[PDB]
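Heads up: the structure comes next, in structure tokens.
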There are 2 protein chains.
Amino acid sequence: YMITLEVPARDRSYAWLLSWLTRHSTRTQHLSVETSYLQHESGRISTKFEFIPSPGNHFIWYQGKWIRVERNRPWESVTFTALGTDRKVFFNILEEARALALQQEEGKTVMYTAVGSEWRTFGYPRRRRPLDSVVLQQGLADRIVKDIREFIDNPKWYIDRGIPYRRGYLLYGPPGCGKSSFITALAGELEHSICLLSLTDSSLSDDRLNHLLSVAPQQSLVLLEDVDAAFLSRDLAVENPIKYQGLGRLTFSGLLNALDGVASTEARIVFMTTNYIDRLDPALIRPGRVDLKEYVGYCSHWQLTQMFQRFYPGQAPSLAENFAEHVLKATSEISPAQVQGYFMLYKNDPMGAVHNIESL
Amino acid sequence: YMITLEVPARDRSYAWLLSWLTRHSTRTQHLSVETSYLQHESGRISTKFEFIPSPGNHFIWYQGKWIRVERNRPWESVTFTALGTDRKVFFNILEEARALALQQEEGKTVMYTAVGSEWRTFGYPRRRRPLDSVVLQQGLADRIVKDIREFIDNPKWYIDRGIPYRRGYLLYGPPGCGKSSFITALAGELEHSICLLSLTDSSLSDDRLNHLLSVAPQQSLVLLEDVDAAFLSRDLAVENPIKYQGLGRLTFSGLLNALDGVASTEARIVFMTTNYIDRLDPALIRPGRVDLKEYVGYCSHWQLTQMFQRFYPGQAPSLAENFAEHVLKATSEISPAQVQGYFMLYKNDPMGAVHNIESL
Ligand SMILES: Nc1ncnc2c1ncn2[C@@H]1O[C@H](COP(=O)(O)OP(=O)(O)OP(=O)(O)O)[C@@H](O)[C@H]1O
Ligand SMILES: Nc1ncnc2c1ncn2[C@@H]1O[C@H](COP(=O)(O)OP(=O)(O)OP(=O)(O)O)[C@@H](O)[C@H]1O
Ligand SMILES: [Mg+2]
Ligand SMILES: [Mg+2]
């Protein structure tokens, strides 16, 4: 007569329990190697050998209870066998795992990915990019931030009238203007998580897409990259229905219904990005599926001035005006990425980038 | 009650442990044959019979502590069973393996390859090609060397402003000018390692590409050969999205996001090479993905003079000028490979190659 808690692979606290188990690896006869390396120079690579508990029946001594944990071997199922019928040590283990895991993810953003029909973490948590480090047009980031915050902070007004509690944004522009960087900065600012989804995968179908959109982690953003490339449209639409033009078991109607249909879930934010706004079917970007669409374009006077004052802090304000005037006179259209590269050429050299502005 | 260290196939020190195990092959009842052969002449091939320890349970007598090693058998795993609970002998074994392995790789370059979704070594370490042995245009190798060194030696400046710590270079030119040779010479000079990646493989997908680009070995270079051949573009781009045109499950957007997106890693250098600069999509070679693009072309006066003074050391300087003048007068465009071949015809024969210069 014991208690045999079973936690299979498909659990939200799976990573939390794994992290706690790596924390409590002491007094474990079976082990797995946990060595990492950090090269410095001269062929002297630092060694960091440690001990991940192997998928075995290691006996743990938490609170003096001789708790037995077994991880099997691609189907995985972790087991926490104990004595008697208490269930309190389970509460304590889950709480300690939560305290340890959330401590690790502090000041960072967690990136998930679509594995099969489920979300799994993708590498270590990444350092968040400061929002002010990305410079957009005047009064553009503020509008998006305010709209997202207003959507988050007003759930009651949605339910009191019956509108589904959903939202979606679309960003389009020339390549190299700040779409992905702004998305990353916004995710860092809002303390959310990014879920990467590809519409051209070979293991995606309508039912799997619906399940993925239904089981997305809470306090997270869903990102769709290059929606245009997954469906040729427009000129085709005038003759025949929208074909797939990709590798996968997906259809246009399935995606349209999954984004906003009858079975769509609630409290979800979706971001989509494209480079050709004119290649998207009108039914896909109608209100209800894409509430706000914004255009990010080439550089301007204020954007160039802000970028200059950001890359060379402490300089006089006249230098930024000189740089902006010279850049806008020498060339008409220019991308922020090219400006960033040109600045990267002249590292810590103000008044040097204000002379060699020949980048035609 | 023992300690059972488990090191599976997917480990960095796997090769180090294998090399140490081949070093400590003494006192091993089970063996595998280690014969190598070196032909000289007259059907007399020198034998080098030795003993690789077979994948068995050989008992080792390191430090007088009876250690029971075991390699199983696709799926491969190595086990180091010991006595008691000490963990010191594991540290000593790892340190000795590091000392032995790094001793072997001295003055050479290690070439990795993409097996499945992991990097594995490809043959014995190769002898490094001296940097000066590759002659490029005046002030071209120095610029690239300085830029790479500056990127390596300034990680703080990247972090203090938020730019991702990444870089990428592109080399393009006519076939037979020194792209791959210069890449090899630079890798030898910088004491890095080369990782070969093919975009046309049949076992490559977006997730696998991202995982490979994330787990690349430290102090290494990532090489992409003939990026143009993996994606037809330009004239197609004016009508329809970029097709893949190959054998494999890869997409243009997937490669674009993997090279520089949201989930891209840090501290990575990527080299790409092509022969048709006009067949590359503009979005692929924008700044942020290709920080520096350089053109290697046909021979010039200084290049020919340096090549002549390199292939025939000790000759008077007037002979180099005579050879350069005659070559540039008899022909307008010529590749360094053709000059190397023409010199190879006249081995150790200066003043002979300055007469038979008819290679129209
Ligand atoms: N507005 C901006 N402010 C600062 N840096 C920027 C800006 N736009 C782009 N960059 C920089 O340029 C590089 C590429 O930016 P990013 O990937 O966000 O461009 P993008 O518009 O998403 O391009 P693509 O459409 O090809 O994905 C990064 O180094 C990024 O930091
Ligand atoms: N600049 C050079 N100096 C010395 N040898 C050179 C030079 N360029 C080419 N060679 C020699 O020519 C041969 C081919 O060189 P390499 O493979 O680097 O050319 P490549 O430009 O990479 O050609 P491809 O585009 O076909 O790969 C080698 O023997 C190489 O040593
Ligand atoms: Mg992007
Ligand atoms: Mg080559």
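We number chain A the way Swiss-Prot does; in order, the residues shown are 47-119, 131-417.
Header lists the method as electron microscopy, 3.8 Å.
Using N, Cα and C of the backbone, Cβ positions are placed for all residues, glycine too.
Listed in Swiss-Prot for this protein:
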BINDING   A:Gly230, A:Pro231, A:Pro232, A:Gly233, A:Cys234, A:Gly235, A:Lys236, A:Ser237  ATP binding site
MOD_RES   A:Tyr181  phosphotyrosine
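Every protein chain shown contributes to the tally, and the Cβ of A:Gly235 (ATP binding site) ends up with 22 other Cβ atoms within 10 Å. For ligand 1, the nearby recorded positions are A:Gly233; that is, of A:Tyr181, A:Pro231, A:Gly233, these have a C-beta under 6 Å from one of its atoms. Calculated from their C-alpha atoms, the gap between A:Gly233 (ATP binding site) and A:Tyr181 (phosphotyrosine) amounts to 26 Å. Proximity of the recorded positions (A:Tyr181, A:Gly230, A:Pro231, A:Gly235, A:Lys236, A:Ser237) to ligand 3: a Cβ under 6 Å from the molecule is found for A:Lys236, A:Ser237. Using a 10 Å radius centred on the Cβ of the residue listed as 'phosphotyrosine' and all shown protein chains, the other Cβ atoms total 13. A Cβ within 8 Å of the Cβ centre of A:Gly230, A:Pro231, A:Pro232, A:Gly233, A:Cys234, A:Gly235, A:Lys236, A:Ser237, the residues given for ATP, is found for these other residues of the same chain: A:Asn332, A:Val353, A:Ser392, A:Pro393, A:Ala394. In sequence order, the binding-site residues near chain B, meaning those of A:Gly230, A:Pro231, A:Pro232, A:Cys234, A:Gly235, A:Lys236 whose CB lies under 8 Å from a CB of that chain, are A:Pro232. For the binding-site residues A:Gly230, A:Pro231, A:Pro232, A:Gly233, counting C-beta atoms within 10 A of each C-beta gives the highest total at A:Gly233.
A gap of 19 Å separates the Cα atoms of A:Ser237 (ATP binding site) and A:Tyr181 (phosphotyrosine). In sequence order, A:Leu228, A:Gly230, A:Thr330, A:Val353 constitute the residues six or more apart from A:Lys236 (ATP binding site) in its chain with CB-CB distances below 8 Å.
Reduced to three states, the DSSP call for A:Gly233 (ATP binding site) is coil. Rounded to a whole number, the distance between the Cα atoms of A:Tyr181 (phosphotyrosine) and A:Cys234 (ATP binding site) is 27 Å.
The distance from the Cα of the residue listed as 'phosphotyrosine' to the Cα of A:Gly235 (ATP binding site) comes to 24 Å.
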